[PDB]
Amino acid sequence: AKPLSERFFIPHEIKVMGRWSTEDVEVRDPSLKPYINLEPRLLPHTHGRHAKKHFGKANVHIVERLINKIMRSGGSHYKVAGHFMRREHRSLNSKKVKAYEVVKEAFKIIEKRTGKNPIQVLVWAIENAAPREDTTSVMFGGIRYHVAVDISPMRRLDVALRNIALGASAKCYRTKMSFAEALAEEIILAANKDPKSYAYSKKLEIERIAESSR
Amino acid sequence: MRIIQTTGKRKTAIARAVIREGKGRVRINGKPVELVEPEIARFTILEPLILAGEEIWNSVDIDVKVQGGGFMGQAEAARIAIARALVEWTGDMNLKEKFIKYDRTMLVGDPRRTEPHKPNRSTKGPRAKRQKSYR
Amino acid sequence: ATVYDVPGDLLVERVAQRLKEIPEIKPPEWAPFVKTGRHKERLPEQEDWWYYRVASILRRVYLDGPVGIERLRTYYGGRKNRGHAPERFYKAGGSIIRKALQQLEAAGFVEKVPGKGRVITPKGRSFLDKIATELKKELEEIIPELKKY
Amino acid sequence: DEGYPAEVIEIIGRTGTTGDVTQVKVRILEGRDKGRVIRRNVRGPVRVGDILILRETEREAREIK
Amino acid sequence: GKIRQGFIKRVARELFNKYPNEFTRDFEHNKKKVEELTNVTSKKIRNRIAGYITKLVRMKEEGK
RNA sequence: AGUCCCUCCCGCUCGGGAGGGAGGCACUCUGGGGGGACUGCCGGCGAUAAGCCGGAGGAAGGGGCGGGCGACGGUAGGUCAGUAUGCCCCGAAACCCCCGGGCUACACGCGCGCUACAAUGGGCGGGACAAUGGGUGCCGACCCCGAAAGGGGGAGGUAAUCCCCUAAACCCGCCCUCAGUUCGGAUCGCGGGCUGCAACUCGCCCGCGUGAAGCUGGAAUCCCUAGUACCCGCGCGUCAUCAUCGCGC
RNA sequence: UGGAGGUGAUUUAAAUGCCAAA
Ligand SMILES: [Mg+2]
Ligand SMILES: [Mg+2]
Ligand SMILES: [Mg+2]
Ligand SMILES: [Mg+2]
Ligand SMILES: [Mg+2]
Ligand SMILES: [Mg+2]
Ligand SMILES: [Mg+2]
Ligand SMILES: [Mg+2]
Ligand SMILES: [Mg+2]
Ligand SMILES: [Mg+2]
Ligand SMILES: [Mg+2]
């Protein structure tokens, strides 16, 4: 099936998964620039040494962040697109090899369909899916009200990554699409500001509700 | 006729590496490193060699014996042992700082170990507990 | 080149193909109707699974010998689905392994060490190493780093 | 339309119903009111040198103690 | 919190008054000296005492 | 691991492997003793004190990390059905034995779990890598017979020596393509075994057949801050036989 | 240090005490 040149692939340079270089990738958003890490690195697996220290997740390569984000079940205690998604024994919890394979196949599909460097497309997606205004809640007279506030860049990045992963998770659930295809579809749609993307629609709704409560 | 031996540990896996002058063959428990599977484990072992460069890579031979642990734990111990062997054999300080910039753990190791379990659902973990009911 | 230089599964496939020319390897009469263990669910789907099992057993004896029936029964077991109960490990049965080892001895590839098990004779070692050398010659045409080994 | 970047220069303190909000002082980097210093409410972790994107620059948060 | 213990302070102050010209601003020297001038048998307590004595020496050398 | 002798393999052997013997304690390991971290060094805040915040160096940094040890008392909290013990009772039955039943019943309400509702999969063949513990009323390699569950002989072991003991999740190839299905495996028929003095009431295992509800779950509500939570198997206790449990790995 | 006065305000709903003790 898969050719032997792919089963036994050997790199010779420090580049992401030995296949794509990140030298020409640039970040437009001035706020997200010092939080998207793009230093050269061969293997995106750092064995969770960053969770101890405050702000330590800043210096973690963005591909590894995506891999960690999709390594989940998806819909445990809140509904996504109108449903709980409890996979349990058939989820991706603590299976980081399978997540690595999913991300690799998604990158190959992205490169085939659009002809561009997949890291660049991913950066565009997270730029378009990062909200700029959020809201907090107050209670009065037994009724709950919203008040608009601003968002720090780290939280923007976290929310964008989680929403992309959730959209991909919802698109392949009990349908003929596969996980890698859904992830590719979601990233491409978010990169083109298409409302059919879950992440972009979520960002629009969040910002609209925040605006209507200044 | 130089010989150097080094040791690496990672959560119950122990690796012993021997380095000598050679033509560039690296073996893990007698298997060529190019055939190690899965891929995510093959790249764990090869990182220090790529960082060192092809000139140093092709002038040595390394044999690694590793036991205990799991497939991911065994690869990381071998990586630690190989990095220490490379820095000791050539004895150049530009490389030692280069390893530290990329990944400190290559040279100082990882001290984490499992935490022993405690009662109230002891088989699941030290902190996971049984579901609580009031009626 | 030796067995240690090539992937296991590819070698097993080549050896299984090669074992069909040796007259002493013939699947028994009850081969069409059996599962390969109590932990399985359905019968084997390959019409020539016997040769695959024999090739695997021969490679096993080459690497871990001397070895007996019981340890091989451990090696060919696995996890079982038990309805509403949690899954569990079980061993395989013994007839397939015993008959395969006897046929391999009849062909002269293994011999018996008393109280210890079965070991690979020089003929069997040559037989496996020849196929390993040929497979490596094929393989290094697309992985140039394999030429050093 | 694309907002205005501002830069955090001082942390004042936590607030909100559950302590989830921080009050900061920012200096506008772009637009009509470049250079002005105003205080704002931020959600999420923040440190000196972060850059916020404001959708409007004429609202100022009520000072906390 | 790293609050120094009472008996550590008491023994350290007794040592400082009795042998004023015996301790310097160096931690190793004081470690050995305390090890020899008392019957303390725990390695940890010895380190605490030596550290406090070092602080006393630097504080009196400043003149408070 | 290096050095030496013999034997056997491959590309016929310059080279590369595997066993055995001499030989060594290098490396891993085992376990006695010792070293190492003290807010000790540096810059701020606080009072110039107690301390706090941030840096270097470091295997480790600020109770270094995880455990044992629970003050004076209260709860008329639980236990006389573990043992000790006052009073009241039975004292030819409320004491001591034996046989057969029951604690396993079944319109229904509730707690804690396991298996699922599928592709972040099901099946078939092949390839990988553990740790804790336990063994003489016992652990049993190795050979033979049987399709399986099992049956007949039986080395070594009172154990860093012999045995339980070549884990599963994971990886590679082929079949199935969104369906109450090659998802699920409850219920029942027939046949074969083991333990035991005894298997119907009322045990556990294997083969062929059979093929229920279930297509993600209202109002509510639980656990968890790092080698932690989730996911995956294994050991011991109980034990003649029996683990969807307890304590650990 | 400890007291005495004055003017302003104070973000929905939320009733009850049974077996016991004897
Ligand atoms: Mg655990
Ligand atoms: Mg298997
Ligand atoms: Mg299952
Ligand atoms: Mg009481
Ligand atoms: Mg009471
Ligand atoms: Mg009962
Ligand atoms: Mg099925
Ligand atoms: Mg019965
Ligand atoms: Mg369905
Ligand atoms: Mg019980
Ligand atoms: Mg009342």
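Residues numbered from 1 in each chain as written, not as in the entry; some residues may be left out. Chains lettered and ligands numbered in written order. Part of a larger assembly, values for the part shown. Heavy atoms only, no water.

Deposited coordinates in this entry are attributed by the record to cryo-EM, at a stated resolution of 2.7 Å.

Draft legend 1. Region of interest: a positive patch on the surface. Residue and element names in this part refer to chain E. Taken together, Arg4, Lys9, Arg13, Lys55, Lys60 and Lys64 make up a surface patch of like positive charges. Of all elements in the fold, only α1 (6–18) and α3 (43–62) reach the threshold of two or more residues within the positive patch. By the secondary structure assignment, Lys9 is in helix α1. (Patch = residues over 30% accessible without salt bridge, like charges linked within 9 Å, V, L, I, M, F, W, Y side chains within 5 Å. Areas by Shrake-Rupley, 256 points an atom, 1.4 Å probe, with all protein chains shown as cover. Salt bridge = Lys/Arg side-chain N within 4 Å of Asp/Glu carboxyl O. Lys, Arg positive; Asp, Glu negative; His and termini not counted. Charge placed at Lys NZ, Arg CZ, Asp CG, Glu CD. Helix = DSSP H or I, 4+ residues; strand = E, 2+ residues; numbered from the N terminus.)

Draft legend 2. Expanded view of the protein's contact with RNA strand F. Neighbouring RNA strand F are 144 residues, the closest being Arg90 and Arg174 of chain A, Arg10 of chain B together with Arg88 and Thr133 of chain C. Within 4 Å of the protein, atoms of RNA strand F come from sugar and phosphate in 78% of cases. Contacts to RNA strand F include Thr175 of chain A, whose backbone N or O atom sits 3.4 Å from a base nitrogen. The side chain of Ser133 of chain B places a nitrogen or oxygen atom 3.2 Å from a sugar or linking oxygen of RNA strand F. (Near = heavy atom within 4 Å. Polar contact = N/O pair within 3.5 Å; in protein donor to acceptor, adjacent residues only side chain to side chain.)

Draft legend 3. Focus on the sheet that holds strand β3 (residues 26–28) of chain B. Residues and elements named next belong to chain B. Pairing in this open sheet of five strands is mixed, and the strands run β1-β2-β5-β3-β4 from one edge to the other. The sheet is open, and its two borders are formed by β1 (4–10) and β4 (31–32), each paired with just one other strand. Examined bridge by bridge, strand β2 (residues 13–21) and strand β5 (residues 60–67) share eight bridges and lie antiparallel to one another. Bridge pairing links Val18 to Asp63 in β5. (Pairing = 2+ DSSP bridges.)

Draft legend 4. Seen up close, the interface of chain C and chain B. With eight residues of chain C at the contact, the number on the chain B side is 10 residues. With both chains or domains summed, chain C and chain B bury close to 850 Å², and 57% of this area falls on carbon and sulfur atoms. Counting across the interface, chain C meets chain B through one salt bridge. Salt-bridge contacts for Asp5 of chain C lead to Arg27 of chain B; the nearest nitrogen and oxygen are separated by 3.1 Å. Remark: the boundary between chain C and chain B carries five residue pairs in polar contact. In terms of residue class, the side of chain C that touches chain B is built from five nonpolar, no polar and three charged. (Contact = heavy atoms within 4.5 Å. Buried area = accessible area lost by both parts, 1.4 Å probe. Nonpolar A, V, L, I, M, F, W, Y, C, P; charged D, E, K, R; others polar.)

Draft legend 5. Representation of the packing of helix α3 (residues 96–114) of chain A against helix α6 (residues 179–191) of chain A within the structure. Residues and elements named next belong to chain A. Packing of α3 against α6 brings their axes to within 8 Å, and their N-to-C directions diverge by 50 degrees. Of the possible angle classes, the one that applies to α3 and α6 is oblique. As α3 packs across α6, the resulting crossing turns out to be right-handed. Along its contact with α3, which presents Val102, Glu105, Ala106, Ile109, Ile110, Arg113 and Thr114, the element α6 presents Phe179, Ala180, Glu181, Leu183, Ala184, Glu185, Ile187 and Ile188. Of the residues contributing to the contact of α3 with α6, the split by class is 10 nonpolar, one polar and four charged. (Axes fitted to C-alpha atoms, helices over the stretch in contact; angles between N-to-C directions. Parallel < 35°, antiparallel > 145°, perpendicular 65-115°, else oblique. Left-handed = near helix turned anticlockwise from the far one by under 90°.)

Draft legend 6. The arrangement of the pairing of β1 of chain B in detail. Residues and elements named next belong to chain B. Burial along β1 is one-sided: the face carrying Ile4, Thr6, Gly8 and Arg10 is buried and the face carrying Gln5, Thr7 and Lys9 is not. In the sheet, β1 pairs with β2 via seven bridges, with the strands oriented antiparallel. Its bridge partner being in β2, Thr7 is matched across the sheet by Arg16. Counting the residues between successive antiparallel strands, the hairpin from β1 to β2 contains two residues, one of them, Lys11, with a positive phi of roughly 40 degrees. (Buried < 20%, exposed > 50% of the residue type's maximum accessible area, 1.4 Å probe, protein only.)

Draft legend 7. Summary view of the arrangement of the chains. These two, chain A and chain E, are apart from each other, with no contact and a minimum C-alpha gap of 20 Å. Nowhere do chain D and chain E come into contact; their C-alpha atoms are at least 24 Å apart.

Draft legend 8. Highlighting the protein's contact with RNA strand G. Around RNA strand G, the neighbouring residues are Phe140, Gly141 and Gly142 of chain A. Sugar and phosphate atoms form 18% of the subset of RNA strand G atoms that lie within 4 Å of the protein.

Draft legend 9. Summary view of helix α7 (residues 198–211) of chain A. Residue and element names in this part refer to chain A. End to end, α7 covers 20 Å across 14 residues, agreeing with the expected 20 Å (1.5 Å per residue, within 8%). Residues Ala199, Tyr200, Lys203, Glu207 and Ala210 constitute the buried set of α7. Looking straight down α7, one finds that the buried residues subtend no more than 100 degrees of arc, so they occupy a single side. Of the surrounding secondary structure, the elements contacted by the buried residues of α7 are α4 (118–128), β3 (133–140), β4 (143–151), α5 (153–171) and α6. Sitting at the head of α7, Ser197 places a side-chain oxygen 3.3 Å from the backbone nitrogen of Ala199. (Expected span 1.5 Å × (residues − 1). Arc of directions from axis to C-beta.)

Draft legend 10. Inspection of the interface of chain D and chain A at higher detail. Contacts between chain D and chain A engage 20 residues on the former and 24 residues on the latter. Carbon and sulfur atoms make up 51% of the area that chain D and chain A hide from each other, which totals about 1900 Å². Summed over the three residues of chain D that lose the most area to chain A, namely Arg43, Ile53 and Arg55 of chain D, the buried surface amounts to 38% of that side. Summed over the shared surface of chain D and chain A, the number is four salt bridges. Across the pair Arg55 of chain D and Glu133 of chain A runs a salt bridge, and its minimum N-O distance is 3.5 Å. When residues of the side of chain D that touches chain A are assigned to their parent elements, the largest contribution, four residues, is made by strand β4 (residues 51–54) of chain D. Of the residues that constitute the side of chain D that touches chain A, the class distribution is eight nonpolar, four polar and eight charged. Bridge count between β4 of chain A and strand β3 (residues 37–43) of chain D: two bridges; the pairing is parallel. What sits directly across from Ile151 of chain A, in β3 of chain D, is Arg43 of chain D.

Draft legend 11. Just the packing of aromatic side chains, in detail. On inspection of all chains with the given rule, the structure shows four aromatic pairs over all chains. Ring geometry for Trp49 of chain C and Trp50 of chain C: centres 5.9 Å apart, planes at 75 degrees, overall edge-to-face. We note that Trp49 of chain C, like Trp50 of chain C, is buried. Over the aromatic face of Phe84 of chain A sits the side chain of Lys79 of chain A, whose NZ or CZ is 5.0 Å from the ring centroid. (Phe/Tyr/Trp six-rings, centres within 6.5 Å; stacked < 30°, edge-to-face > 60°. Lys NZ or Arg CZ within 6 Å of the ring centre and 35° of its normal.)

Draft legend 12. Molecular detail of the pairing of strand β1 (residues 4–15) of chain D. All names here are of chain D. Relative to β4, β1 runs antiparallel, the two sharing four bridges. Bridge pairing in β4 links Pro5 to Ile53. Bridge count between β1 and strand β2 (residues 21–28): eight bridges; the pairing is antiparallel. Following the sheet pairing, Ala6 is matched in β2 by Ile28. Here β1 hands over to β2 after five residues, with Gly16 in that stretch at a positive phi of 95 degrees.

Draft legend 13. Representation of the sheet that holds β3 of chain D in the model. Taken together, the six strands give an open sheet; going across it, the order is β3(A)-β4(A)-β3(D)-β2(D)-β1(D)-β4(D), and neighbouring strands pair in mixed fashion. One side of each edge strand has no neighbouring strand; the edge strands of this open sheet are β3 of chain A together with β4 of chain D. Across the sheet, the mean angle from the axis of one strand to that of its neighbour is 45 degrees, orientation sign disregarded. Of the strands in this sheet, β3 and β4 of chain A are in contact with α7 of chain A, which crosses β3 of chain A at around 50 degrees.

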